[PDB]
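In the block that follows, a single chain appears as structure tokens, in the form solved without the ligand.
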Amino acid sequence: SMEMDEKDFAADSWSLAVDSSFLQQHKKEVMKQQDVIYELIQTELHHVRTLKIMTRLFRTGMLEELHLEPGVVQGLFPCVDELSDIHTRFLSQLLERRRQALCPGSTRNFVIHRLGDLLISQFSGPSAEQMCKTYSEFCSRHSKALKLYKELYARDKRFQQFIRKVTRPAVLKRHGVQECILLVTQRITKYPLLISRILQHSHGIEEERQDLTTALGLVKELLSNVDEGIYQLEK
């Protein structure tokens, strides 16, 4: 994660992120909608950060420092490059939508009025098919990644010292190897919760309520497809 986006998403809500003289200019309904939209982007930034810890810190760190058997690192971090591409692109579009909405003279005051169109695009067509295929693969390999990690930690001293070392900073407290895997698996089921609460506060413009209702139906169709395509792989 980069300092620019970390600071834009440091506050606990949109009402605390913007200047109070800008907050005062908006209706409470707008603030409620914006707080949930801010939470969607903030958690998407954290999810992308989680995927960067898996690819750059864990996966690459193991390749450059350890002497693991070929295919072992892939079994510990399945589909992480594909996932990191899917979510960094989605995050880029969310951050660009916020940036275009900033007032001139401001790096923090914005109102996102149109999100549904962006959500329909991510959860339909080729991008939806790539998320369905990547999550069905990832979640089917989830158990094996955990078992393989536990096998290497208990039997390999060098793997144990590598893990203890790269996970020692306080910022990585809730981001160990097993934590990253479950954080990734659970991400897809957070979307309907976030979108339904945004929709609850987006009835002001009928076009937006319809776009968010379509987006919610698409995310649920994706989730049901991923759920049907899963079968745990055993080693």
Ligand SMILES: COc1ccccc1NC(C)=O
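Heads up, when I say rigid core I mean the largest set of C-alphas that superpose within 1.5 Å between the two forms. The first residue of the sequence shown is number 1, and the count goes up from there.
- prompt: Do the Cα atoms of 61 to 69 stray more than those of 22 to 30 in 9 other deposited structures of this protein, or is it the other way round, with the core held fixed?
  reply: Higher root mean square deviation of C-alphas in 9 other deposited structures of this protein is shown by 61 to 69.
field: Higher-deviation segment by CA RMS in 9 other deposited structures of this protein, core fitted, 98 to 106 or 70 to 78
entry: Larger mean C-alpha displacement, comparing 70 to 78 and 98 to 106 in 9 other deposited structures of this protein, is found in 70 to 78.
field: Per the entry, higher mean C-alpha B factor between 193 to 201 and 65 to 73
entry: Here the higher of the two C-alpha B-factor means belongs to 65 to 73.
message: Comparing average C-alpha B factors as deposited, tell me which of 117 to 125 and 152 to 160 sits higher.
response: Comparing 117 to 125 with 152 to 160, the higher mean C-alpha B-factor belongs to 152 to 160.
message: Lowest, middle or highest third: which one holds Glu3 when the chain's residues are ordered by CA B-factor from the entry?
response: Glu3: CA B-factor falls in the middle third of its chain.
message: Ranking the modelled residues of this chain by C-alpha B-factor as given in the entry, is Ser13 in the lowest, middle or highest third?
response: Its C-alpha B-factor belongs to the lowest third of this chain's values.
query: According to the PDB entry, is the CA B factor of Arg174 in the bottom, middle or top third of its chain, that is, lowest, middle or highest?
result: Tercile = middle for this residue's CA B-factor.
- prompt: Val166: which third of its chain by C-alpha temperature factor?
  reply: Highest third - that is where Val166 ends up once the chain's C-alpha B-factors are sorted.
message: Using the temperature factors of the C-alpha atoms in this entry, rank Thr50 within its chain: lowest, middle or highest third.
response: Lowest third of the chain for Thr50's C-alpha B-factor.
What comes next is about the form solved in complex with the ligand, which does not appear here.
- request: Report whether the minimum heavy atom distance between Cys103 and the ligand in the entry with it bound is within 4.5 Å.
  value: So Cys103 counts as contacting the ligand.
message: Check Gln25 for me: does it contact the ligand in the entry with it bound (non-hydrogen atoms, 4.5 angstroms)?
response: Close contact exists here: in the entry with it bound, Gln25 approaches the ligand to within 4.5 Å, heavy atoms only.
- prompt: Does any residue in 5 to 22 get within 4.5 Å of the ligand in the entry with it bound, counting heavy atoms only, and if so which ones?
  reply: Residues within 4.5 Å: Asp19, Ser21, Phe22.
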